[PDB]
Enquirer: 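Here it is, the structure in full.
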Amino acid sequence: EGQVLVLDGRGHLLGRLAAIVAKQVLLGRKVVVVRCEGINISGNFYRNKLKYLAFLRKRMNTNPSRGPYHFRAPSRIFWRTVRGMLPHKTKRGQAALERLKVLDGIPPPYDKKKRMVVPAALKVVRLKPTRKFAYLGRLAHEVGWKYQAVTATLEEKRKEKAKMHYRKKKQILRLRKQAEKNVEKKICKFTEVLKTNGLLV
Amino acid sequence: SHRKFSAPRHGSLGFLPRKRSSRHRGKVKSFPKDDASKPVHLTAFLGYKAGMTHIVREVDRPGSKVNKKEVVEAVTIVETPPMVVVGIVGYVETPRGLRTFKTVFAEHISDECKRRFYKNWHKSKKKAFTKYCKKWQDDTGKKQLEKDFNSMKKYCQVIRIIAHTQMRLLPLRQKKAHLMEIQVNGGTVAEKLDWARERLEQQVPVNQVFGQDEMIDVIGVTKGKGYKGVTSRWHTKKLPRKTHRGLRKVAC
Amino acid sequence: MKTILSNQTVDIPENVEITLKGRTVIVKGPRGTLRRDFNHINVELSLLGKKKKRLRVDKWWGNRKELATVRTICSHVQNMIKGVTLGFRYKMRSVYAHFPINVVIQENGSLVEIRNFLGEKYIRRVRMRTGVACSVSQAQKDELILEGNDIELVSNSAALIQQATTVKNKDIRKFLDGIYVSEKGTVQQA
Amino acid sequence: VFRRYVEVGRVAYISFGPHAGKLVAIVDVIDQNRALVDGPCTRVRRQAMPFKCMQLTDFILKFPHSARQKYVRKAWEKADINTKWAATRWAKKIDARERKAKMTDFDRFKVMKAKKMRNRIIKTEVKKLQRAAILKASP
Amino acid sequence: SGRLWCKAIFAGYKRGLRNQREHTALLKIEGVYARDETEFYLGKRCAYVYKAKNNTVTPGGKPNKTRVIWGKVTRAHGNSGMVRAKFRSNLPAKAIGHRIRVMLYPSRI
Amino acid sequence: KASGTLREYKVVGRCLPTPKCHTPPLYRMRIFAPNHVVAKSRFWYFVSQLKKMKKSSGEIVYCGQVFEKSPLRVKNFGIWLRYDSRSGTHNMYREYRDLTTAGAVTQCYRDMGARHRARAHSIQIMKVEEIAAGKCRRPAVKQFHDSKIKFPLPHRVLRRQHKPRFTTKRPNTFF
RNA sequence: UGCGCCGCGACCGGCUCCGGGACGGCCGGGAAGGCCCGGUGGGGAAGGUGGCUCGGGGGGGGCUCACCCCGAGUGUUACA
RNA sequence: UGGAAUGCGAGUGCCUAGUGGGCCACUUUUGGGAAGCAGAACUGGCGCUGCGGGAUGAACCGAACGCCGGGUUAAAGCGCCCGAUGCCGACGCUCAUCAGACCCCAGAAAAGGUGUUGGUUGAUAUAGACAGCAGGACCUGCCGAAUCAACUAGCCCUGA
RNA sequence: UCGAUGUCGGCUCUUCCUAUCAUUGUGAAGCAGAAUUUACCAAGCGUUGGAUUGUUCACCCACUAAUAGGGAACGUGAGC
RNA sequence: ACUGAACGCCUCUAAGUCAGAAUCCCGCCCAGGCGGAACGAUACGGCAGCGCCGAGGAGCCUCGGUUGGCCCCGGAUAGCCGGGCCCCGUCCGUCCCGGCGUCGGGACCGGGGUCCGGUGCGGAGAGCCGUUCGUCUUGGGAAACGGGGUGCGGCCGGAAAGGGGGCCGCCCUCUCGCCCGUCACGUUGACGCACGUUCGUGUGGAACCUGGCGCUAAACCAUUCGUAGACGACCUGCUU
């Protein structure tokens with residue numbers, strides 16, 4: 001499709017999701033990635049923590065304020081992995097990068113929207129079940145991310161409200177089943193047309 | 001090659017930018033951690049450095065050579081007239097940090113506090129808060145104030161008071177009050193707001209913030225000394241007498 | 001080599017009810033209830049029989065490394081069975097040459113205060129795991145008793161106090177001071 | 001926890017091979033990846049097929065391993081696997097998915113008219129049951 | 001009453017890694033993600049519709065700001081549904097990542 | 001040599017007739033090669049190191065493909081081979097289950113490359129025979145000698161990735 | 001001989017990349033495979049069916065009788 | 001009967017500039033521990049030469065060049081940067097708290113591992129194997145089917 | 001690199017390495033205690049004042065927890 | 001070190017746990033993004049500017065893109081999804097005595113269970129919603145507890161990053177719309193042809209006229225101060 005592609009980052013693998021997002025954003029699509037703290041990386045946590053600490057050591061020793069900037073929020077960590085997949089020193093790469101929006105948690109614009117999933121980047125698909133993995137949220141917290149408890153309480157409040165919305169949706173759905181039985185005599189012809197054509201069989 | 005003899009570096013990089021402070025008033029960068037079980041109290045105050053003198057007291061540390069003996073100790077006197085509460089600020093916790101949610105000001109604000117809102121009080125018409133105050137009197141405005149306190153009650157995690165010093169009582173040329181946010185600690189957000197509301201426009205003496213023989217933190221701006229060489233700024237070793245083109249500098 | 005099927009069975013006594021919520025095992029017995037998650041092991045758990053129930057663990061197409069988890073799960077479940085029927089009781093003894101080891105129990109067996117270990121004035125306070133009670137024995141002069149249902153909780157508590165009374169900067173071969181686990185058994189014998 | 005099993009007699013559905021959409025019977029297991037299969041009543045001759053291309057069904061035939069085609073055929077006809085398969089919900093979904101893919105432009109127009117009228121009647125009844133539910137809950 | 005063209009995206013020019021041939025453009029057509037699905041679109045007319053500042057004559061209409069570069073789909077590209085197209089004038093580079101219409105006009109079905 | 005899916009070739013050759021020997025003996029080998037051109041080259045490789053017969057002094061009397069006699073019957077195959085490692089040469093006996101003799105040999109070349117990094121040029125296959133189930137020796141092959149073989153397919157990886165490439169539903173792998 | 005400018009179509013020819021349909025030759029004059037309950041046949045085993053024996057687990061009627069489902073042997077077509 | 005095959009049109013004179021520092025690679029080879037060291041043979045190359053690939057690079061791999069349109073390849077590639085596997089690719093191996101990841105080429109050895117996977121040789125075990133429960137002091141009884149040893153070579157790990 | 005890359009040492013100052021002298025946490029001993037030796041994680045912190053010599057190096061005197069070793073164009077001359 | 005296989009014993013390791021440091025990361029402290037927020041005041045008085053009512057339109061220039069929407073469970077994956085029934089806790093409103101009694105029921109969730117359906121997901125993103133040639137004469141279905149009016153108000157709607165819909169009353173539009181027929185036409189039947197068909201009353205700018213309600217300020221310089229300072233900058237004072 002098109003419009004804005006909203007991706008739920010939970011359960012995905014970092015680089016495999018980044019490669020797909022980088023190509024979509026180069027193709028002109030606007031992409032939103034939410035819940036970057038739920039992104040997984042292959043390999044045990046300690047090995048992945050060592051990788052980030054080696055990254056932290058890289059720094060211009062004459063003036064580290066000029067040096068490479070080590071963003072600690074998981075959304076900015078994901079933003080930098082996509083950045084390494086883009087020609088970000090050209091105007092085309094910059095414009096594509098501006099089409100990417102990354103978020104920790106699910107802020108107001110996007111919980112009341114349906115999120116998409118990329119099966120080619122899901123951990124349940126691409127990792128063997130016996131292989132160890134890390135959580136970007138925990139890894140970010142151990143290297144200096146300040147807001148993991150706060151994002152956790154806001155996530156919990158969101159999941160409570162999403163749960164009430166889903167029960168109302170379920171009650172509507174079961175009312176619609178009862179409505180179907182009630183008006184079966186007066187909708188039988190229209191149902192017959194649908195069944196013959198592959199809908200409602 | 002290596003340094004012949006080791007010596008620790010001169011100065012600290014923990015105060016690295018070593019520039020003029022962007023603020024004249026000292027800033028509280030971390031308030032004491034909130035404990036809801038404790039009663040409602042303030043956490044900071046504003047004073048003025050008057051001078052230094054020395055006192056005589058007898059110490060009570062048993063194993064010391066000065067135990068039960070009279071000692072002379074230098075002290076500093078900080079003049080602290082009472083502060084006037086003029087506002088309340090609410091904050092919400094977000095995954096991007098603490099964000100200012102809503103601030104409410106008192107009905108009558110003194111002229112010395114209004115002076116902080118102007119760079120040229122002489123040329124001003126003194127119109128600051130002249131429309132805001134009318135909201136405290138109008139019936140529609142009163143309802144909005146109550147709704148605004150209720151939203152702060154159910155959404156804010158941090159509550160602060162805007163308070164200013166009274167410069168009428170000080171022997172200073174300056175007449176413009178210093179404004180400050182002072183965090184309210186203890187209790188619940190509802191109890192903090194009720195405490196704040198009732199002493200809005202009121203006076204808080206320093207004895208209700210600090211007590212005797214307690215250990216406090218002092219925040220301020222250091223005495224200015226202008227442009228300085230590396231010998232005074234960083235306390236480097238002076239070069240020998242027979243040095244060409246300068247002694248008070250770092251050689252390499 | 002991937003073996004097609006590796007299976008093992010645990011017999012459930014008559015005093016114990018085992019319920020399976022997927023790979024979550026709930027064992028209920030006269031002394032209480034124990035819960036344990038096995039979501040980190042990809043095996044299938046089944047309950048067999050109406051009377052004389054059994055727990056069967058299956059692993060399909062497993063390599064050598066993951067065939068070793070079949071008996072590990074079975075042994076753990078046999079531990080929770082004995083935990084809810086007999087309980088776990090670990091007895092410890094204080095060994096000293098000159099300075100007696102004084103042990104005082106606080107908070108109904110939850111806090112252990114050890115004084116005068118090797119004669120020093122630092123008081124060691126060891127906190128037992130939840131569900132583990134520490135007692136001072138009346139049968140022997142200087143012996144502690146840890147009791148509980150979870151074998152891992154009881155033995156971790158014993159390890160906490162054994163490593164608390166550790167000798168530093170001296171030949172550990174000669175001084176030999178400390179509290180050591182003497183025997184592992186059950187609260188009731190059957 | 002498992003119900004479907006690769007076993008001799010298990011009927012499987014082919015997903016993506018050259019024989020996609022057929023039913024076969026497992027005659028023998030060559031190894032962990034390949035099984036000897038036979039489709040005597042479904043126009044699939046005996047051959048080796050990977051397990052990756054087959055989706056197991058509920059039907060299990062009764063014949064010994066490596067049995068020849070005539071015994072696989074007798075079992076298939078006795079159990080009437082062709083008619084039992086067509087009666088399942090799995091096959092009904094397949095046939096509905098194929099006929100929707102064959103819908104013409106005129107059939108698309110007629111489905112539009114039927115769906116438009118149908119949803120109006122259902123929506124009216126759903127609202128009536130909403131009002132009944134809210135009135136009964138809060139009289 | 002509705003759209004009569006298929007949505008395509010100008011992905012880039014036909015190129016190697018370090019040589020770009022600008023007389024051929026590469027297109028990604030929505031819903032076509034395999035080589036075997038690109039057969040329908042072969043020979044189809046494609047249009048790059050854009051807007052400028054000055055008015056230009058419109059066939060069957062009044063002058064407006066819409067300008068078009070015409071082309072046709074020449075052949076498939078890769079085995080992932082991408083196609084290549086030849087436009088009467090080489091496409092501007094500012095159009096990369098933007099919409100190109102495939103008009104269904106020369107019809108074989 | 002290289003490999004595709006190998007075929008079996010019966011290659012019969014001999015030396016050219018000479019005044020010393022008017023009727024030289026005929027020699028036969030079974031060669032597993034991608035095509036008949038490689039089969040003839042492989043014949044000359046072995047017969048030259050066995051019988052002192054070079055291609056220039058001989059001829060290929062016959063070269064045809066040996067079809068599998070029971071391609072619908074599951075069999076066990078024993079392979080006797082010798083291969084060159086980085087240090088030394090070794091003799092190995094291996095087992096495979098297959099429907100065809102050629103397929104079993106192709107399995108062996110893949111398995112030697114997988115487990116020993118042995119390339120095809122470093123492998124000599126000297127015997128391939130069909131073994132009864134009772135005379136098999138490797139546990140990997142013996143576990144399929146079970147008349148009631150029965151196993152599930154536990155954790156099926158979704159192989160149709162990128163077909164939607166963006167979906168609302170997360171995949172289920174239980175089946 | 002050329003359109004003022006912007007375009008469209010048709011058939012013919014050249015090069016080229018593809019898609020359908022149909023015909024035949026050769027091999028071990030292919031290897032297999034299928035049907036005739038093939039025959040009234042002859043042998044051999046096990047990844048051994050039925051039967052028999054031993055142990056186990058779920059059924060019924062009332063803890064005997066018993067209906068299944070397993071495991072282990074023995075055994076060469078019987079109820080595969 | 002133009003006395004093997006194949007290919008090709010040959011012969012010849014005068015005048016003649018620049019050059020007469022070379023360098024690199026497969027193989028062979030001398031001195032040197034060795035060297036991006038010094039010195040040789042043969043062929044090709046760089047120098048005189050751009051082009052595709054090796055990220056980058058005189059010499060490597062491919063291929064040599066008038067200005068262009070279509071088609072196809074070489075060497076090399078096809079997650080994203082970046083054209084091309086978005087194949088429902090095939091069989092295995094391997095987890096690294098310094099993993100590995102492609103000629104020249106840009107970093108590792110001897111020696112080791114009860115990590116795991118293959119393979120070779122020998123041996124035990126119905127009279128009864130190896131475990132474990134103990135006794136006498138190598139034998140026994142109880143559990144009752146595979147086990148023990150040496151070696152070898154793949155990936156991974158120590159050596160680092 | 002010869003139509004010029006200022007040259008020994010010291011002084012001054014920063015940063016880096018670890019093949020660790022001390023200090024934090026440990027393992028081993030021919031570890032009784034004290035003292036010491038061997039090894040592991042480990043370079044955060046510290047590693048001095050002087051007589052002689054232009055010296056690097058060396059040597060001695062004296063404190064010290066220790067008085068470890070090195071690099072940065074054999075760091076650093078429009079800094080001396 | 002714990003539990004514990006591999007390897008019937010053993011084992012700190014394989015899965016799963018524990019204690020652990022001058023190291024590491026954060027805090028405390030210093031700075032504060034071509035990074036945000038809340039609040040205040042927003043232009044003389046007779047010449048004017050400015051703000052709100054999506055203000056009401058009519059038009060112009062400019063920058064371009066795009067050419068139906070999906071308003072949402074949490075998640076597991078060696079398992080899941082949907083429906084009524086039991087147990088443990090919660091909630092509203094009807095009588096009884098604002099508050100009580102399960103006084104009874106309906107309507108409810110959260111947890112643990114139990115059954116009944118579904119599971120190559122069909123209560124399905126291989127999906128769903130909407131789906132527009134326009135009017136006219138008139139029939140049959142459906143609806144007539146409906147359509148619309150930012151109509152007018154009223155209630156409940158919400159803070160992670162103000163966007164908010166549903167319900168109630170009174171009017172008019174009233175059964176016209178939605179499905180299948182019938183009847184008669186078309187300012188385009190423009191005589192084969194491209195940029196058509198939307199978002200959209202788009203972003204930004206300036207201006208014209210008309211109607212209401214509103215507003216009448218600061219910043220800098222200059223002058224002072226010395227808590228500051230090379231110069232800038234900074235801290236201050238100037239009818240109370």
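Note that these values count all heavy atoms, side chains included, but never hydrogens, waters or copies made by symmetry. Each chain gets a letter, A, B and so on, in the order its sequence line appears, and its residues count up from 1.
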Enquirer: Applying the 5.5 Å / 30° rule, does B/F101 stack onto the base of J/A159?
Expert: no
Enquirer: Check whether any side-chain nitrogen or oxygen of B/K175 sits under 4.0 Å from OP1 or OP2 of J/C238, and answer yes or no.
Expert: yes
Enquirer: Distance check, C1' atoms only: H/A74 and H/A111, in whole angstrom units.
Expert: 47 Å
Enquirer: Answer yes or no for this row: B/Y155 ring on J/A159 base, centroids under 5.5 Å, planes under 30°.
Expert: no
Enquirer: What does D/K136 touch in the nucleic acid at a heavy-atom separation under 4.0 angstrom: a base, only the sugar-phosphate, or nothing?
Expert: sugar-phosphate
Enquirer: Encode nucleotides 37-74 of chain G as B, S and - characters from 5' to 3', where the letter depends on protein heavy atoms closer than 4.0 Å: B to the base, S only to sugar-phosphate, - to neither.
Expert: S---------BS--------SSS---------------
Enquirer: Is G/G51 the Watson-Crick or G-U wobble partner of G/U74, both distances being under 3.5 Å?
Expert: yes
Enquirer: Taking J/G89 as the reference, what is the distance to J/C108 when you measure between their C1' atoms (whole Å, please)?
Expert: 13 Å
Enquirer: Phosphate oxygens OP1/OP2 of J/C238: is one of them under 4.0 Å from a side-chain N or O of B/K176?
Expert: no
Enquirer: Can A/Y166 be called stacked on J/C73 when the rule is centres closer than 5.5 Å and an angle between planes below 30°?
Expert: yes
Enquirer: Does the side chain of C/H40 reach to within under 4.5 Å of the side chain of C/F38, using non-hydrogen atoms?
Expert: yes
Enquirer: Looking at A/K112, does any N or O in its side chain come under 4.0 Å of the phosphate oxygens OP1/OP2 on J/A161?
Expert: no
Enquirer: By the 4.0 Å heavy-atom rule, please label A/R72 as base, sugar-phosphate, or nothing.
Expert: sugar-phosphate
Enquirer: Should F/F175 be counted as stacked on J/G120, where stacking needs a ring-centre gap under 5.5 Å and an angle between planes under 30 degrees?
Expert: yes
Enquirer: Whether H/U120 and H/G32 form a base pair should be assessed as Watson-Crick or G-U wobble, both distances under 3.5 Å. Do they?
Expert: no
Enquirer: Quick one: look at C1'-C2'-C3'-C4' in J/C44 and give me north (positive) or south (negative).
Expert: north
Enquirer: Are OP1 or OP2 of I/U12 and a side-chain N or O of B/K4 less than 4.0 angstrom apart?
Expert: no
Enquirer: Should J/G36 form a Watson-Crick or G-U wobble pair with both distances under 3.5 Å, which nucleotide is its partner?
Expert: none
Enquirer: Assign G/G56 to syn or anti; the rule is syn for a glycosidic angle within 90° of 0 and anti otherwise.
Expert: anti
Enquirer: Taking the purine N1 to pyrimidine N3 distance and the second Watson-Crick contact, or the two G-U wobble contacts, each under 3.5 Å, tell whether J/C133 pairs with J/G186.
Expert: yes
Enquirer: Give the B/S/- string for nucleotides 148-160 of chain H, one per nucleotide from 5' to 3', where a protein heavy atom under 4.0 Å of the base yields B, of only the sugar-phosphate yields S, and otherwise -.
Expert: ----SSSS-----
Enquirer: If we require both distances under 3.5 Å, is J/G130 with J/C70 a Watson-Crick or G-U wobble pair?
Expert: no
Enquirer: Could you run through nucleotides 6-14 of chain J and give me one letter per nucleotide, 5' to 3': B if any protein heavy atom sits under 4.0 Å from the base, S if only the sugar-phosphate is that close, - if neither?
Expert: SBSS----B
Enquirer: Hey, do H/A146 and H/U124 pair up, Watson-Crick or G-U wobble, with both distances short of 3.5 Å?
Expert: yes
Enquirer: Measuring only the P atom in each nucleotide, how far is I/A43 from J/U23? A whole number of Å is fine.
Expert: 10 Å
Enquirer: Determine which nucleotide pairs with I/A42, using a 3.5 Å limit on both distances of a Watson-Crick or G-U wobble pair.
Expert: none
Enquirer: Would you say H/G122 pairs with H/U1 if a pair means Watson-Crick or G-U wobble with both distances under 3.5 Å?
Expert: no
Enquirer: Under 3.5 Å for both distances, do we get a Watson-Crick or G-U wobble pair between J/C152 and J/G169?
Expert: yes
Enquirer: Would the base of J/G120 count as contacting F/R156 through its side chain, where contact means a donor and an acceptor less than 3.5 Å apart?
Expert: yes
Enquirer: Is the base of J/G79 touched by the side chain of F/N172 through a donor-acceptor pair closer than 3.5 angstrom?
Expert: yes
Enquirer: Which nucleotide, if any, forms a Watson-Crick or G-U wobble pair with H/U16, using both distances under 3.5 Å?
Expert: none
